[PDB]
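These notes concern the structure reproduced below.
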Amino acid sequence: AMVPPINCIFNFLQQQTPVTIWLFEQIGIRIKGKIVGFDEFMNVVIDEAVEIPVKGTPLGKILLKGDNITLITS
Amino acid sequence: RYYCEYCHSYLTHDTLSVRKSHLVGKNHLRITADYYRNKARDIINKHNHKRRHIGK
Amino acid sequence: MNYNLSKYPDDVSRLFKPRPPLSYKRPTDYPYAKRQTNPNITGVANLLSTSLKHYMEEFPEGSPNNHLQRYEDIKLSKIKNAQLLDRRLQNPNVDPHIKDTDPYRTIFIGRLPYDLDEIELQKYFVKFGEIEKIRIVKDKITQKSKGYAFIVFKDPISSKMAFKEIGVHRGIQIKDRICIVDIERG
Amino acid sequence: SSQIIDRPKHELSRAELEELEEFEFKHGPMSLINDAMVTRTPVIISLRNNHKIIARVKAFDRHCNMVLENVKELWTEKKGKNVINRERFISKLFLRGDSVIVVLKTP
Amino acid sequence: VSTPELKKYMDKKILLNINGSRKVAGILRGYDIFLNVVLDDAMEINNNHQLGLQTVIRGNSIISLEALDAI
Amino acid sequence: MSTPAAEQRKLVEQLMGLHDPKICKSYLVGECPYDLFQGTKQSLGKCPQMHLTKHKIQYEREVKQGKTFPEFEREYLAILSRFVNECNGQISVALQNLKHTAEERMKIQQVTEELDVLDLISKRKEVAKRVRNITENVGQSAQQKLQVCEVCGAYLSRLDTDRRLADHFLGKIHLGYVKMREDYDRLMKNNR
Amino acid sequence: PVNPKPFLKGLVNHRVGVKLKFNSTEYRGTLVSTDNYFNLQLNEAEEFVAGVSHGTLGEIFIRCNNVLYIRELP
Amino acid sequence: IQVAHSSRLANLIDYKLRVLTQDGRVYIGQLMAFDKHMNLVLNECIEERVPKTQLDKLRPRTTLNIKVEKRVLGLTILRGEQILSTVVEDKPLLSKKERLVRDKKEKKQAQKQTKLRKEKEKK
Amino acid sequence: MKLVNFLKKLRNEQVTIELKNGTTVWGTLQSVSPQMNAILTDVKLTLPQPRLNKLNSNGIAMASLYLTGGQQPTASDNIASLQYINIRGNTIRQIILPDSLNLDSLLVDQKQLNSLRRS
Amino acid sequence: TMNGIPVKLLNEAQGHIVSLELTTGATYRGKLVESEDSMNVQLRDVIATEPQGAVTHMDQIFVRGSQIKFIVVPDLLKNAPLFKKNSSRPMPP
RNA sequence: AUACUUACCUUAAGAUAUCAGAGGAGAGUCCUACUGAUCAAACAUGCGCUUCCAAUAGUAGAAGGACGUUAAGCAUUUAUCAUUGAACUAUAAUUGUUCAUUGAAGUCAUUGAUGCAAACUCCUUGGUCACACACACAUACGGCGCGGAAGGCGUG
RNA sequence: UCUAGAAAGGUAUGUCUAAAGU
Ligand SMILES: [Zn+2]
Ligand SMILES: [Zn+2]
Ligand SMILES: [Zn+2]
């Protein structure tokens, strides 16, 4: 059956699986961590997020703004 | 609502499942084919001649 | 463009031939990967040290915001008149002219006619029981008939029959006005 | 208060829409611009095209488009190691608000 | 408002060009009112390298949706 | 709604013990019969118990690995059984309506006059008059030619092709009621 | 399970840091309030273009569409 | 050409607009429809551009001649996100008095059409 | 407050609209649409040279300024002069108001005043 | 809501050869199967020109509606009924 | 035309110019074939208002095109990489150089593409009107014929 | 506690029934 995208994001939330979030292309950073929550706008909150460029810094618990996500992969 | 301009018949709340079923209705297809045959026939059959600019 | 997916008979889809395909001419702008507004937008803490002083020494005091104070004037008017209406509205055991006998016997009738008389108001109210006192209310600033009155019946069961009868029937037909009736409410 | 923030915006009525806008200006993030409109302090705006402006705010709006006065634009330009600083004075100005980044309030 | 008409493209392989430059292939499973899509077994067509066991593409950055399968 | 973020908000808010009357357990097992017939002409109204997706995917997890709660099965079987027996009564009413057409009075007297007209070469005359009476019964059929769809109870016909039948059999009514009959056959085999 | 709107309601009067998406210019300070569109006023703010503190800003207002991540700070 | 000062885009139907867009392209075509989002329907439009090579000739310092690529497109509809400005170029094929005559004649024909349709469906 | 209802009151006033590209439009303002679609009558389109020797102007806006068609050709700088331009709303960065106008009568919002008074 | 003449005209061209250029530069051209209300189109048996010119072929494509720059419908839809200015609708239901 | 069967579906809210005054209906609202001013539209009707409207006393001419020809015009500039073999300058994923295998994908075009200039041919458009074949002008030029197209401004 | 009566159509579809000669 059809698995809607908010259901897949909530699945990623509920099994606490580590995701990797691709941002806009000319920004140049990807963020890796576990999704804790979201809204209807696809803005997400991540716990123990580590950004990497294209070994990277730790960020703590960020609110990634949902205007900027391209792709959320596990 | 919706209104089939070719058909000349109204319709209730414009849902794509009603509208798409109208747009492949056999009677709508006859009305549309008549409309476009007549409009192509009118633009072929219309002899518009250039205005005459008679010099002395 | 030889065999058609269109429902119309091949006759009708000879009419809907497109134009020939569009010629290819190379693009003149930035591709979709490289499209961005300018990054390297520099900071703003540079401005606050030097250039802010060169702004303030040129324009030391700002212009008056007069449309703002027109809004301020209407807001002071609303607040002030609310305070005065509250003061005069708050300040019935010290109204004398409503200080007759027990209150359940006193019926309130309002929207009474402007040119009416206390005698014909008495004749109307007496039909539902004996009245003890009447007092039509007049404006204390100038004695325009206020259109409301106080009618004291001898008993509260007699008073509530006048309310029932002459109040629920659309208004007691007095002179040329319909005066609805209820309890004293004070 | 809580009743207008908690609900979605399509369930409010018209008096609650206007009450919500007044609440959002008076107790919110645009209260910075409102305090600078009343208290006459100069603001420093960094537009998106790397022009910084410095002005006073005569009026604002829910979109952050604003009518300024005594505008002093300040931008920098360069091609390589050559670099200059430029300045333009505009008297009265309407700024379409989709280009703003950071409104600042001078101490 | 109006769901996109991707009832034909369900459970098939699909090649979509993310954001201009990039290009991703995968097995489509779900979609929403905005065109954000969720596709199983995503492999970024470049020597190509695979993304992960599930992805969810925000539909702001889909340009076209080519269907590799029969449909 | 009108803006798409409003509808998206509606969906995520309805996404975000597990017992009691608050949750329609019949939907929780699957395919609530007041949900499968919402818009159609056999509409029951609204499902009284609320439906919610967080509970449903928690049930998907629970019957994936945890356990099964058979009180949910017996409640669903009660609701399913009362609806299926009610529509069995209604298809009985529909074929009763075919019978009541078939035993109509003036048609029975007309076929009685033609069957008294049916009364070697005597057999050839009787067979010609009986084929005329067979065509009279078929003329009564050509007024109707109705069979009854055995699942949904609605009328059908055989003179019609397979394709307009295929137009019928992918309905909201017929797919919903096929799903009801299939869960009833499954639960009556499994409980017996 | 914390959504973004209660997260940002929880960060009021705490030292947070937003990151503008342009030049990695992050601003950090004490968040006074938030909007429904996630406009955010800060207070006692600092900026960092690339770890280069150009100064301390008094009161800033950072527009909704610009901010890339908002993060809590120790 | 001179266009009336109070003439919005609703009034310029059947003019020959010259719609600029976000890329330097220009669609010289006859307007016949528009919308709330301002996405026009141009009748016979000709998408022009100035190439990357001849763009040096426009750079600030007889006349200057630029060779543009006229590419004929028949009955486009535009997407309104792209439009940047519209400039009127040419007046219509008809006058104003002739459009008045033709509009009264079309409305008369429509009212006769609805009269016959009503009196036919009542019969 | 919606501040476009301020811009509707400026009629027949010369403004100098800065666009998002960089090109500035100078003409008689006219009926402004509710989404800020400005209509200017007698415009003098121009595109400012960057006033550094090595630097470049906007290429897209330069080709656009030629393809308005009415570029007065023999002049040196990118100045095109035409009548009736119709600027789409989302492309105007800032509008330089005339100096002579009285803001203290223009910025009085009638609908806001009505909504504060009637409630 | 209401759609107006351009999106309704795009709905009038379901079935015929259209030619559309996306905002990334590409040009697709085929029979238009299903358009939608947000100019979200499908196209069958298309001839797909990449931006630098390399033309390929692909069976169906579903562009996002937001990426379209123009759509070139056939010529005869100039005579479509929705362009008629003085229309006389009979009666509501 | 009539009848029955089945499928699909059953509606975002509010308003119709503003300001101001007078009057009235139980502080604000509502109303006035009430009154002024402002704005807007239509219809008329005007300006010594501005711009434009093609030879026959000749075989011409203006504006716009050609997705027309000369024309393979004249001048430039391009045509995939790897693994190896034989040799090989050589920081590279033997790059450079000749020949081959194998391997990725691979718009066509090289009579092309880009720049420059000319000539010839062919389309579409209009008052091809009326009077005249003439000695004007510093306040530079009777703008003092009938119309038509487009805009400006004023009144009813 | 302030009195619950759900629509009635539209389009699409097949089949029956029928109306025509020279
Ligand atoms: Zn129709
Ligand atoms: Zn249920
Ligand atoms: Zn059935």
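Labeling convention for the structure tokens: chains A, B, ... as they appear, residues from 1 per chain, ligands from 1 in order of appearance.
Every chain G residue lying within 10 Å of chain C, based on only C-alpha atoms, is listed here: residues 20, 21, 22, 23, 24, 25, 26, 46, 47, 48, 49, 52, 53, 54, 55, 56, 57 and 58 of chain G.
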Restricting it to N, CA and C atoms, dump the selection as a PDB file, in the first residue's frame.
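part_4.pdb written:
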```pdb
ATOM      1  N   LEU G  20      22.693  31.715   9.912  1.00  0.00           N
ATOM      2  CA  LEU G  20      22.294  32.216   8.614  1.00  0.00           C
ATOM      3  C   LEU G  20      22.920  31.351   7.535  1.00  0.00           C
ATOM      4  N   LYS G  21      22.189  31.121   6.460  1.00  0.00           N
ATOM      5  CA  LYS G  21      22.641  30.176   5.453  1.00  0.00           C
ATOM      6  C   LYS G  21      23.619  30.762   4.452  1.00  0.00           C
ATOM      7  N   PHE G  22      23.961  32.040   4.555  1.00  0.00           N
ATOM      8  CA  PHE G  22      24.710  32.676   3.475  1.00  0.00           C
ATOM      9  C   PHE G  22      26.214  32.482   3.593  1.00  0.00           C
ATOM     10  N   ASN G  23      26.822  33.103   4.593  1.00  0.00           N
ATOM     11  CA  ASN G  23      28.266  33.127   4.748  1.00  0.00           C
ATOM     12  C   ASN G  23      28.683  32.338   5.975  1.00  0.00           C
ATOM     13  N   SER G  24      27.814  31.427   6.419  1.00  0.00           N
ATOM     14  CA  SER G  24      27.878  30.760   7.720  1.00  0.00           C
ATOM     15  C   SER G  24      27.929  31.759   8.870  1.00  0.00           C
ATOM     16  N   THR G  25      27.285  32.908   8.704  1.00  0.00           N
ATOM     17  CA  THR G  25      27.306  33.931   9.737  1.00  0.00           C
ATOM     18  C   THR G  25      26.332  33.540  10.819  1.00  0.00           C
ATOM     19  N   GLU G  26      26.813  32.909  11.872  1.00  0.00           N
ATOM     20  CA  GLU G  26      25.917  32.546  12.948  1.00  0.00           C
ATOM     21  C   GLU G  26      25.856  33.677  13.955  1.00  0.00           C
ATOM     22  N   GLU G  46      25.996  38.201  19.536  1.00  0.00           N
ATOM     23  CA  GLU G  46      27.321  38.213  18.939  1.00  0.00           C
ATOM     24  C   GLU G  46      27.213  37.636  17.546  1.00  0.00           C
ATOM     25  N   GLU G  47      28.102  38.035  16.652  1.00  0.00           N
ATOM     26  CA  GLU G  47      28.126  37.395  15.351  1.00  0.00           C
ATOM     27  C   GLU G  47      29.462  36.718  15.114  1.00  0.00           C
ATOM     28  N   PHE G  48      29.439  35.682  14.285  1.00  0.00           N
ATOM     29  CA  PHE G  48      30.642  34.976  13.868  1.00  0.00           C
ATOM     30  C   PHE G  48      30.512  34.669  12.391  1.00  0.00           C
ATOM     31  N   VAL G  49      31.339  35.305  11.572  1.00  0.00           N
ATOM     32  CA  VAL G  49      31.324  35.018  10.146  1.00  0.00           C
ATOM     33  C   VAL G  49      32.019  33.695   9.857  1.00  0.00           C
ATOM     34  N   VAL G  52      35.104  34.644  13.377  1.00  0.00           N
ATOM     35  CA  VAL G  52      35.682  35.973  13.473  1.00  0.00           C
ATOM     36  C   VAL G  52      34.597  36.875  14.043  1.00  0.00           C
ATOM     37  N   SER G  53      34.606  37.060  15.359  1.00  0.00           N
ATOM     38  CA  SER G  53      33.631  37.930  15.999  1.00  0.00           C
ATOM     39  C   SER G  53      33.887  39.363  15.589  1.00  0.00           C
ATOM     40  N   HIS G  54      33.038  39.887  14.710  1.00  0.00           N
ATOM     41  CA  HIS G  54      33.161  41.280  14.313  1.00  0.00           C
ATOM     42  C   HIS G  54      32.650  42.239  15.373  1.00  0.00           C
ATOM     43  N   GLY G  55      31.853  41.759  16.318  1.00  0.00           N
ATOM     44  CA  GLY G  55      31.442  42.596  17.422  1.00  0.00           C
ATOM     45  C   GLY G  55      30.333  41.940  18.214  1.00  0.00           C
ATOM     46  N   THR G  56      29.764  42.728  19.114  1.00  0.00           N
ATOM     47  CA  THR G  56      28.587  42.341  19.867  1.00  0.00           C
ATOM     48  C   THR G  56      27.464  43.292  19.504  1.00  0.00           C
ATOM     49  N   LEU G  57      26.330  42.738  19.114  1.00  0.00           N
ATOM     50  CA  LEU G  57      25.204  43.527  18.657  1.00  0.00           C
ATOM     51  C   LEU G  57      24.205  43.641  19.798  1.00  0.00           C
ATOM     52  N   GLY G  58      23.496  44.762  19.853  1.00  0.00           N
ATOM     53  CA  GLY G  58      22.551  44.949  20.934  1.00  0.00           C
ATOM     54  C   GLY G  58      21.290  44.112  20.850  1.00  0.00           C
TER      55      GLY G  58
END
```
Grab me every residue within 8 Å of ligand 2, counting only C-alpha atoms (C1' of nucleotides) and all ligand atoms, and send it over as a compact mmCIF listing (two decimals) with N, CA and C atoms, in the first residue's frame.
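Final output, pocket_13.txt:
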```txt
# COMPACT_ATOMS: atom_id res chain seq x y z
N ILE F 23 -11.49 4.28 20.85
CA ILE F 23 -10.91 3.83 19.55
C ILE F 23 -11.72 2.70 18.90
N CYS F 24 -12.25 2.97 17.70
CA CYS F 24 -12.90 1.98 16.85
C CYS F 24 -11.91 0.84 16.63
N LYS F 25 -12.12 -0.26 17.35
CA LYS F 25 -11.28 -1.43 17.18
C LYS F 25 -11.52 -2.12 15.84
N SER F 26 -12.68 -1.89 15.23
CA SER F 26 -12.97 -2.50 13.94
C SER F 26 -12.10 -1.91 12.84
N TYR F 27 -11.91 -0.59 12.86
CA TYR F 27 -10.89 0.03 12.02
C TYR F 27 -9.50 -0.44 12.39
N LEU F 28 -9.27 -0.70 13.68
CA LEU F 28 -7.94 -1.05 14.14
C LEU F 28 -7.51 -2.40 13.59
N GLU F 31 -10.31 -1.94 7.89
CA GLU F 31 -11.45 -1.74 7.01
C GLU F 31 -12.76 -1.63 7.81
N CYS F 32 -12.86 -0.53 8.54
CA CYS F 32 -14.09 -0.19 9.23
C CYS F 32 -15.23 -0.04 8.24
N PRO F 33 -16.37 -0.70 8.46
CA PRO F 33 -17.46 -0.65 7.47
C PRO F 33 -18.17 0.69 7.40
N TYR F 34 -18.06 1.53 8.42
CA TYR F 34 -18.54 2.89 8.32
C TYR F 34 -17.54 3.81 7.64
N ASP F 35 -16.32 3.33 7.39
CA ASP F 35 -15.28 4.06 6.68
C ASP F 35 -15.27 3.72 5.19
N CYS F 47 -18.57 7.29 11.06
CA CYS F 47 -18.17 6.27 12.02
C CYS F 47 -18.20 6.89 13.41
N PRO F 48 -18.95 6.31 14.37
CA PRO F 48 -19.06 6.89 15.72
C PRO F 48 -17.73 6.92 16.49
N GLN F 49 -17.02 5.79 16.49
CA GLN F 49 -15.70 5.72 17.18
C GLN F 49 -14.71 6.50 16.33
N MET F 50 -13.79 7.25 16.94
CA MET F 50 -12.86 7.99 16.10
C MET F 50 -11.80 7.07 15.51
N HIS F 51 -11.25 7.50 14.38
CA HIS F 51 -10.19 6.78 13.68
C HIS F 51 -8.91 7.60 13.76
```
Problem - Contact residues (chain F, partner chain J, 12 Å, only C-alpha atoms) as a list in words - result: residues 1, 2 and 3 of chain F
Exercise for the section: Could you tell me, counting only C-alpha atoms (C1' of nucleotides) and all ligand atoms, which protein and nucleic acid residues lie no more than 8 Å from ligand 1, written as an MDAnalysis selection string? Expected result: chainID B and resid 4:9 22:23 25 27:29 31:32
Problem - Close residues, residue 3 of chain K itself excluded, 10 Å, only C-alpha atoms (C1' of nucleotides), min 6 positions apart in chain, as number ranges by chain - result: F: 143; L: 16-17
Output for the residues just chosen: N, CA and C atoms (P, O5', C5', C4', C3', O3' and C1' of nucleotides) as a PDB file, in the first residue's frame:
```pdb
ATOM      1  N   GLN F 143     -38.799  -6.922 -20.997  1.00  0.00           N
ATOM      2  CA  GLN F 143     -39.141  -5.759 -20.186  1.00  0.00           C
ATOM      3  C   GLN F 143     -38.121  -5.541 -19.072  1.00  0.00           C
TER       4      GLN F 143
ATOM      5  P     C L  16     -31.360  -4.673 -26.127  1.00  0.00           P
ATOM      6  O5'   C L  16     -32.793  -4.269 -25.561  1.00  0.00           O
ATOM      7  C5'   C L  16     -33.526  -5.155 -24.734  1.00  0.00           C
ATOM      8  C4'   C L  16     -34.656  -4.456 -24.016  1.00  0.00           C
ATOM      9  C3'   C L  16     -35.811  -3.972 -24.871  1.00  0.00           C
ATOM     10  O3'   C L  16     -36.716  -5.021 -25.163  1.00  0.00           O
ATOM     11  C1'   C L  16     -35.234  -2.326 -23.256  1.00  0.00           C
ATOM     12  P     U L  17     -37.538  -5.057 -26.540  1.00  0.00           P
ATOM     13  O5'   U L  17     -38.410  -3.727 -26.517  1.00  0.00           O
ATOM     14  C5'   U L  17     -39.584  -3.619 -25.725  1.00  0.00           C
ATOM     15  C4'   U L  17     -40.133  -2.218 -25.781  1.00  0.00           C
ATOM     16  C3'   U L  17     -40.301  -1.655 -27.177  1.00  0.00           C
ATOM     17  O3'   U L  17     -41.450  -2.118 -27.851  1.00  0.00           O
ATOM     18  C1'   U L  17     -39.207  -0.060 -25.849  1.00  0.00           C
TER      19        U L  17
END
```
Exercise for the section: Pick out the chain K residues within 10 Å of chain C. Count only C-alpha atoms (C1' of nucleotides). Give them as number ranges by chain. Expected result: K: 26-27, 67
If you keep N, CA, C and O atoms (P, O5', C5', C4', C3', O3' and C1' of nucleotides), can you produce a file of those selected residues as a PDB file, in the first residue's frame?
```
ATOM      1  P     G K  26     -36.255  53.060  19.714  1.00  0.00           P
ATOM      2  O5'   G K  26     -35.431  51.892  20.408  1.00  0.00           O
ATOM      3  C5'   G K  26     -35.264  50.633  19.773  1.00  0.00           C
ATOM      4  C4'   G K  26     -34.290  49.764  20.527  1.00  0.00           C
ATOM      5  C3'   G K  26     -34.601  49.549  21.998  1.00  0.00           C
ATOM      6  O3'   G K  26     -35.576  48.545  22.218  1.00  0.00           O
ATOM      7  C1'   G K  26     -32.312  50.097  21.739  1.00  0.00           C
ATOM      8  P     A K  27     -19.516  59.304  23.029  1.00  0.00           P
ATOM      9  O5'   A K  27     -19.564  57.719  22.890  1.00  0.00           O
ATOM     10  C5'   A K  27     -19.053  56.891  23.922  1.00  0.00           C
ATOM     11  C4'   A K  27     -19.232  55.425  23.619  1.00  0.00           C
ATOM     12  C3'   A K  27     -19.427  55.034  22.168  1.00  0.00           C
ATOM     13  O3'   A K  27     -18.269  55.114  21.356  1.00  0.00           O
ATOM     14  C1'   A K  27     -20.966  53.860  23.476  1.00  0.00           C
ATOM     15  P     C K  67      14.485  33.848 -42.348  1.00  0.00           P
ATOM     16  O5'   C K  67      14.102  32.861 -41.167  1.00  0.00           O
ATOM     17  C5'   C K  67      14.554  31.520 -41.172  1.00  0.00           C
ATOM     18  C4'   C K  67      13.409  30.541 -41.190  1.00  0.00           C
ATOM     19  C3'   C K  67      12.369  30.757 -42.266  1.00  0.00           C
ATOM     20  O3'   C K  67      12.779  30.231 -43.508  1.00  0.00           O
ATOM     21  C1'   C K  67      11.305  30.342 -40.201  1.00  0.00           C
TER      22        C K  67
END
```
Exercise for the section: Find the residues near residue 25 of chain H: any atom within 7 Å, counting only C-alpha atoms (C1' of nucleotides), skip ones fewer than 6 places away on the same chain, and give them as number ranges by chain. Expected result: H: 47-49; I: 64
With N, CA and C atoms kept, could you save the residues just selected as a PDB file, in the first residue's frame?
```pdb
ATOM      1  N   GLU H  47      10.044  34.168 -29.346  1.00  0.00           N
ATOM      2  CA  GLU H  47      10.975  34.252 -28.231  1.00  0.00           C
ATOM      3  C   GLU H  47      12.353  34.654 -28.706  1.00  0.00           C
ATOM      4  N   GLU H  48      12.767  35.865 -28.373  1.00  0.00           N
ATOM      5  CA  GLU H  48      14.067  36.381 -28.763  1.00  0.00           C
ATOM      6  C   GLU H  48      15.036  36.318 -27.603  1.00  0.00           C
ATOM      7  N   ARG H  49      16.314  36.479 -27.919  1.00  0.00           N
ATOM      8  CA  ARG H  49      17.359  36.559 -26.914  1.00  0.00           C
ATOM      9  C   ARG H  49      18.558  37.225 -27.554  1.00  0.00           C
TER      10      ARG H  49
ATOM     11  N   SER I  64      18.154  42.241 -21.098  1.00  0.00           N
ATOM     12  CA  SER I  64      16.751  42.575 -20.912  1.00  0.00           C
ATOM     13  C   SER I  64      16.470  44.023 -21.264  1.00  0.00           C
TER      14      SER I  64
END
```
Problem - Backbone DSSP call of strand (DSSP E) for chain E, listed as a VMD selection string - result: chain E and resid 13 to 18 24 to 31 37 to 44 49 to 57 62 to 66
Exercise for the section: Extract, using only C-alpha atoms (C1' of nucleotides), all DNA, RNA and protein residues at most 12 Å from segment 68-75 of chain F, discarding same-chain residues fewer than 6 positions from it, and format them as an MDAnalysis selection string. Expected result: chainID F and resid 18:21 23:30 32 58:62 81:82 183:184 186:188 190:191
Can you write out the residues you just picked, keeping C-alpha atoms, as a short mmCIF file (atom, residue, chain, number, x, y, z; two decimals), in the first residue's frame?
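Wrote result_28.cif, looks like this:
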```cif
data_model
loop_
_atom_site.label_atom_id
_atom_site.label_comp_id
_atom_site.auth_asym_id
_atom_site.auth_seq_id
_atom_site.Cartn_x
_atom_site.Cartn_y
_atom_site.Cartn_z
CA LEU F 18 -4.77 1.72 23.88
CA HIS F 19 -8.17 0.16 24.88
CA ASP F 20 -11.68 1.57 25.81
CA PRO F 21 -14.60 2.90 23.63
CA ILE F 23 -10.91 3.83 19.55
CA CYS F 24 -12.90 1.98 16.85
CA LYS F 25 -11.28 -1.43 17.18
CA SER F 26 -12.97 -2.50 13.94
CA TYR F 27 -10.89 0.03 12.02
CA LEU F 28 -7.94 -1.05 14.14
CA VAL F 29 -8.19 -4.61 12.82
CA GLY F 30 -8.83 -3.08 9.42
CA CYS F 32 -14.09 -0.19 9.23
CA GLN F 58 0.93 0.83 16.86
CA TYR F 59 -1.44 -2.06 16.10
CA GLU F 60 0.61 -2.81 12.99
CA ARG F 61 3.68 -3.07 15.24
CA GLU F 62 1.82 -5.17 17.83
CA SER F 81 -21.79 -10.24 11.11
CA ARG F 82 -24.67 -7.86 11.77
CA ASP F 183 -13.41 -10.98 6.41
CA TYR F 184 -16.63 -12.77 7.38
CA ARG F 186 -12.14 -15.73 7.18
CA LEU F 187 -13.48 -15.25 10.69
CA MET F 188 -16.16 -17.93 10.34
CA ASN F 190 -11.12 -19.41 11.85
CA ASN F 191 -13.58 -19.44 14.76
#
```
Can you tell me which residues surround residue 9 of chain J at a distance of at most 10 Å, considering only C-alpha atoms (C1' of nucleotides), apart from same-chain residues fewer than 2 positions away, and format the answer as a short mmCIF file (atom, residue, chain, number, x, y, z; two decimals) with N, CA, C and O atoms, in the first residue's frame?
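Below is the file out.cif, written as the result:
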```cif
data_model
loop_
_atom_site.label_atom_id
_atom_site.label_comp_id
_atom_site.auth_asym_id
_atom_site.auth_seq_id
_atom_site.Cartn_x
_atom_site.Cartn_y
_atom_site.Cartn_z
N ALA H 33 -5.19 36.65 -23.14
CA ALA H 33 -5.75 36.24 -21.86
C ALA H 33 -4.71 36.47 -20.78
O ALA H 33 -3.52 36.58 -21.05
N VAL H 41 -1.41 34.54 -22.09
CA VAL H 41 -1.51 33.62 -23.22
C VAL H 41 -1.21 34.44 -24.47
O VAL H 41 -2.05 35.23 -24.90
N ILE H 77 1.35 29.63 -23.70
CA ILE H 77 0.91 30.20 -22.44
C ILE H 77 2.17 30.39 -21.62
O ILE H 77 3.12 29.62 -21.77
N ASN J 3 -9.97 29.13 -12.10
CA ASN J 3 -8.69 28.90 -12.76
C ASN J 3 -8.35 29.93 -13.82
O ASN J 3 -7.18 30.25 -14.01
N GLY J 4 -9.34 30.44 -14.53
CA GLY J 4 -9.06 31.39 -15.57
C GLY J 4 -8.59 30.74 -16.84
O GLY J 4 -8.28 29.54 -16.92
N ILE J 5 -8.50 31.58 -17.86
CA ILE J 5 -8.32 31.18 -19.24
C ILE J 5 -7.02 30.42 -19.51
O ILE J 5 -7.09 29.43 -20.24
N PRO J 6 -5.82 30.76 -18.95
CA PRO J 6 -4.64 29.96 -19.31
C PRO J 6 -4.61 28.52 -18.81
O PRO J 6 -4.33 27.61 -19.59
N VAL J 7 -4.90 28.29 -17.53
CA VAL J 7 -4.91 26.93 -17.03
C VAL J 7 -6.08 26.16 -17.61
O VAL J 7 -5.97 24.96 -17.90
N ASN J 11 -5.93 22.76 -19.93
CA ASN J 11 -6.82 21.61 -19.85
C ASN J 11 -7.56 21.34 -21.16
O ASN J 11 -8.05 20.22 -21.35
N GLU J 12 -7.67 22.32 -22.05
CA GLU J 12 -8.27 22.03 -23.35
C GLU J 12 -7.35 21.27 -24.28
O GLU J 12 -7.82 20.76 -25.30
N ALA J 13 -6.06 21.22 -23.99
CA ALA J 13 -5.11 20.55 -24.87
C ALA J 13 -4.68 19.20 -24.33
O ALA J 13 -3.50 18.86 -24.42
N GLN J 14 -5.59 18.44 -23.74
CA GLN J 14 -5.26 17.08 -23.33
C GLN J 14 -5.48 16.15 -24.51
O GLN J 14 -6.61 15.98 -24.97
N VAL J 73 0.73 25.08 -27.07
CA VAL J 73 -0.41 24.25 -27.46
C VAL J 73 -0.59 24.33 -28.98
O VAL J 73 0.12 25.12 -29.61
N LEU J 77 -6.57 26.01 -31.18
CA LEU J 77 -7.17 26.43 -29.92
C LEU J 77 -7.23 27.94 -29.75
O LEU J 77 -7.67 28.40 -28.70
N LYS J 78 -6.75 28.72 -30.72
CA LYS J 78 -7.13 30.11 -30.85
C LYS J 78 -8.64 30.28 -30.93
O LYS J 78 -9.20 31.24 -30.39
N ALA J 80 -10.89 28.48 -29.49
CA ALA J 80 -11.51 27.78 -28.39
C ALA J 80 -12.67 28.61 -27.83
O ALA J 80 -12.68 29.82 -27.99
N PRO J 81 -13.67 27.97 -27.22
CA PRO J 81 -14.85 28.74 -26.79
C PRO J 81 -14.60 29.60 -25.60
O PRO J 81 -15.36 30.54 -25.38
N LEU J 82 -13.57 29.32 -24.81
CA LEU J 82 -13.35 30.09 -23.60
C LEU J 82 -12.80 31.47 -23.90
O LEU J 82 -12.87 32.34 -23.03
N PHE J 83 -12.31 31.70 -25.11
CA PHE J 83 -11.90 33.05 -25.48
C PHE J 83 -13.06 33.92 -25.91
O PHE J 83 -12.84 35.09 -26.23
#
```
Practice task
Tell me, as a PyMOL selection string, which residues lie within 7 Å of residue 67 of chain E, counting only C-alpha atoms (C1' of nucleotides); anything in the same chain fewer than 4 positions away does not count.
Solution key: (chain E and resi 13-15) or (chain J and resi 60-61)
Problem - Distance-based interface of chain H with chain J, 9 Å, counting only C-alpha atoms, as number ranges by chain - result: H: 32-36, 39-41, 43, 73-82, 103, 106-107, 110-111, 113-114, 117-118
